[PDB]
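> Going by the working numbering, the first residue of the sequence shown is number 865, and it counts up by one from there.
Note that the Cβ used here is the ideal one computed from N, Cα and C, for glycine as well.
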Amino acid sequence: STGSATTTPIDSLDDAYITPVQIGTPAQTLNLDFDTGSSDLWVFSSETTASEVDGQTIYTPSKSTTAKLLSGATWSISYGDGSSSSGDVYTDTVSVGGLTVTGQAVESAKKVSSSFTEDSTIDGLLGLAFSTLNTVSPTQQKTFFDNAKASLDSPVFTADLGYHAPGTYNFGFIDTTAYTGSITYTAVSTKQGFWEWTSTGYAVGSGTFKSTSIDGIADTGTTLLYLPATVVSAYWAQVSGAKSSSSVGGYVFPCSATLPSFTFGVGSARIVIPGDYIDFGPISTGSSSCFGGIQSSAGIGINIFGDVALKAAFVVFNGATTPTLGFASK
Ligand SMILES: Cn1cnc(C[C@H](N)C(=O)O)c1
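1) Among all the DSSP beta bridges, which residues are the ones paired with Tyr923?
2) Tell me whether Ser972 is buried or exposed, calling it buried when 16 or more other Cβ atoms sit within 10 Å of its Cβ.
3) Rounded to a whole number of angstroms, what is the C-alpha to C-alpha distance between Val1180 and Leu1189?
4) I'd like the list of long-range same chain contacts for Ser1063, defined as Cβ closer than 6 Å, with 5 residues on each side in sequence excluded.
5) What residues in its chain sit with their C-beta under 6 Å from that of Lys975, if we drop five residues either side in the sequence?
6) Near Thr964, what residues of its chain come up, given a Cβ to Cβ distance below 7 Å and the 5 sequence neighbours on each side ignored?
7) On a Cα-Cα basis, can you pick out the residue from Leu905, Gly888, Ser903 and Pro884 that is closest to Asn895?
8) For ligand 1, is there any heavy atom lying closer than 7 Å to the beta carbon of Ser928?
9) I need the boundaries of the alpha helix (DSSP H) containing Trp939, first residue and last residue.
10) Shorter than 7 Å, the distance from the beta carbon of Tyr943 to the closest heavy atom of ligand 1, or not?
11) So, are the CB atoms of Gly1057 and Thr1149 less than 8 Å apart?
12) Assign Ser984 to buried or exposed, taking buried as 16 or more other Cβ atoms, counted over all protein chains shown, within 10 Å of its Cβ.
13) Since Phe1126 is in the beta strand (DSSP E), which residue starts that stretch and which ends it?
14) Ends of the alpha helix (DSSP H) at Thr1094?
15) With contact counted as at least three CB pairs below 8 Å, one residue from each stretch, are the stretch 1162 to 1177 and the stretch 1129 to 1147 in contact?
16) Taking 7 Å as the cut-off, is the beta-carbon of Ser1160 closer than that to any non-hydrogen atom of ligand 1?
17) Could you please give the first and the last residue of the uninterrupted beta strand (DSSP E) stretch that includes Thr1048?
18) Alpha carbon to alpha carbon, what distance is there between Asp897 and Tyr954?
19) Would you mind giving the Cβ-Cβ distance between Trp1059 and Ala993, rounded to the nearest angstrom? I have them listed as a contact below 8 Å.
20) With a threshold of 7 Å (Cβ to nearest heavy atom), would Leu896 be considered close to ligand 1?
21) Give me the Cα-Cα distance between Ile1147 and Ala1121, rounded to the nearest whole angstrom.
22) Give a single yes or no on whether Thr883 has its beta carbon closer than 7 Å to a heavy atom of ligand 1.
23) Are the CB atoms of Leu905 and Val1000 nearer to each other than 8 Å?
24) For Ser972, which beta-bridge partners are listed by DSSP?
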C-alpha cells in the first residue's frame, strides 16, 4: 500500500501545514497538523468543551459505525510552545491520502489550550515521531505510521513542504520526480523518541562552511529553525540592525533588510535555505521590525530543524529497523 496527501499552509507565513484526513464510517474529514515531533493523533470532537471550540471541524464518534471507545484510556500532552490538550480515546478507521489503517487510536479532546482554540484552521494533530512518546495511559498507543508500516510498500514517509505553497506527504514510497540530485541519508537516534540526527555544520550566506556537529530533531510541527546561540549569533551578525529582543521573544531585524541564506550540512551534502524563507514579517501589523526565522535553542534544550529548514528539502523519514533521515534538494 501507499498514500499521498497534499499539505497546505494555514496562513501567509507558513506557520503550520494542514493535511486532510478521513476518520470513521462514513468518512469525517478533518484537517490535521502532521507533526514529526510528537506521537499522538488527537482531534477536536463532540466531547471538546464547547467554549474551547471556535470554528474547528469536530470528529463525532457516535456518527461513526466503526468507532469504539477504548475503555479506560486517557491522554494528556504538552508541547514545546506551552500548548496542551487532553481527553479520552476511540479506535476507528483512519485514511490518509488513500492509505487506510483500521483500529487506529483517535484521541478525542475534552480540553484544549487557548492557542488551539484560536487556530480555527487546525482540527487536531497527527503525530509521526516514535510511538514511545505516545501519551495514552494505561496502554500506550501506536502512531498512524507505525500501524501502517505492515501494509506499506516500503517503511517510509516523506515530507515535501512548500514555501508559500502546498506540498505533499507520501507514505510507503519515494517519489523520484519530487527532488533533484541524490538523497543523502544520515543516522537517526530514537533514544529520545524523536527523528534525532546530527548535522555536519553550517554556512551563513556566501561565507565559508563551518564543520561542527549539531544534534537536533526533524520536526514538521515546529515553524522555525532553532539552533545553538553561537550559530544564530553568527547568522544575525550579517544583518544590519538585527538584535535579540527580550520584549518580542527572539531575534528581530529591520524589515528593510535583505536576509542572507543559511546552509546546513547533511553528511557531505548541503541544504540551502533561501534568505526569503527566514523572513517572518512584521512583529505586529504595520511594524517596521520583522521577526526572524532562525532563533536560539538555548532556552529549549534541543535544536529543532522545523519547517523553515525542512521546506528547503525533500525529506525522507525512513522507519526501517535501522531508521535514517534523507535530505535532497528540490
Ligand atoms: C501542537 N504543537 C506541536 N509542535 C508545536 C510547536 C510549535 N508549532 C512551535 O513552532 O513552537 C506545537
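Put simply:
1) Position 59 of the sequence shown, counting from 1, holds the residue named residue 923. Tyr923 pairs with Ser909.
2) Here residue 972 corresponds to residue number 108 of the sequence shown, with the count starting at 1. Buried: at least 16 other Cβ atoms inside 10 Å.
3) Against the sequence shown, residue 1180 aligns to sequence position 316. Against the sequence shown, residue 1189 aligns to sequence position 325. Approximately 6 Å, taken between the alpha carbons.
4) Numbered from its first residue, the sequence shown carries residue 1063 at position 199. The answer, listed in chain order, is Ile1078, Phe1128 and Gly1129.
5) In the sequence shown, counting from the first residue as 1, residue 975 sits at position 111. Once the five neighbours on either side are set aside, the close Cβ partners of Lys975 are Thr913 and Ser950.
6) One-based indexing of the sequence shown puts residue 964 at position 100. Counting only Cβ-Cβ distances below 7 Å, and skipping sequence neighbours, we find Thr957.
7) If you number the sequence shown from 1, residue 895 lands on position 31. Among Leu905, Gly888, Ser903 and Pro884, the Cα nearest to that of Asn895 is on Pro884.
8) Here residue 928 is taken as the residue at index 64 of the sequence shown, counted from 1. Result no, Cβ not under 7 Å from ligand 1.
9) The count along the sequence shown starts at 1 and reaches residue 939 at position 75. From DSSP, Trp939 is part of no alpha helix (DSSP H) but of the beta strand (DSSP E) over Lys932 to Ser942.
10) For the purposes of this step, residue 943 is taken as residue 79 along the sequence shown, with counting starting at 1. Flag set: Cβ of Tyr943 near ligand 1.
11) In the sequence shown, the residue the question calls residue 1057 occupies position 193. In the sequence shown, the residue the question calls residue 1149 occupies position 285. Taking 8 Å as the Cβ cut-off, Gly1057 and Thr1149 do not qualify as a contacting pair.
12) On the sequence shown, position 120 is the one that residue 984 refers to. Classification of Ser984: exposed, given that the 10 Å Cβ count is below 16.
13) In the sequence shown, residue 1126 corresponds to position 262, counting from 1. Where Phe1126 is concerned, the enclosing beta strand (DSSP E) stretches over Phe1126 to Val1130.
14) Locating residue 1094 in the sequence shown gives position 230, counting from the first residue. From DSSP, the alpha helix (DSSP H) with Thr1094 extends over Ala1093 to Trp1100.
15) Contact between the stretch 1162 to 1177 and the stretch 1129 to 1147 is present: 3 or more CB-CB pairs across the two stretches fall below 8 Å.
16) Residue 1160 sits at position 296 when you count from the first residue of the sequence shown. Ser1160 Cβ: outside cutoff for every heavy atom of ligand 1.
17) Against the sequence shown, residue 1048 aligns to sequence position 184. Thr1048 -> beta strand (DSSP E) spans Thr1044 to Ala1051.
18) On the sequence shown, residue 954 is found 90 positions in, with the first residue counted as 1. On the sequence shown, residue 897 is found 33 positions in, with the first residue counted as 1. Answer to the nearest angstrom: the Cα atoms are 19 Å apart.
19) Looking up residue 1059 in the sequence shown gives position 195. Looking up residue 993 in the sequence shown gives position 129. That belief holds up - the Cβ atoms of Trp1059 and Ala993 are roughly 7 Å apart, short of 8 Å.
20) Indexing the sequence shown from 1 puts residue 896 at position 32. No, the beta carbon of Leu896 sits no closer than 7 Å to any heavy atom of ligand 1.
21) Numbered from 1 along the sequence shown, position 283 holds the residue referred to as residue 1147. Numbered from 1 along the sequence shown, position 257 holds the residue referred to as residue 1121. Cα to Cα, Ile1147 sits roughly 14 Å from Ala1121.
22) One-based indexing of the sequence shown puts residue 883 at position 19. No - ligand 1 has no heavy atom lying nearer than 7 Å to the Cβ of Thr883.
23) For this step, residue 905 is matched to residue 41 along the sequence shown. For this step, residue 1000 is matched to residue 136 along the sequence shown. Going by C-beta atoms, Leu905 is not nearer than 8 Å to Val1000.
24) Looking up residue 972 in the sequence shown gives position 108. Bridge partners of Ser972: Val907 and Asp952.
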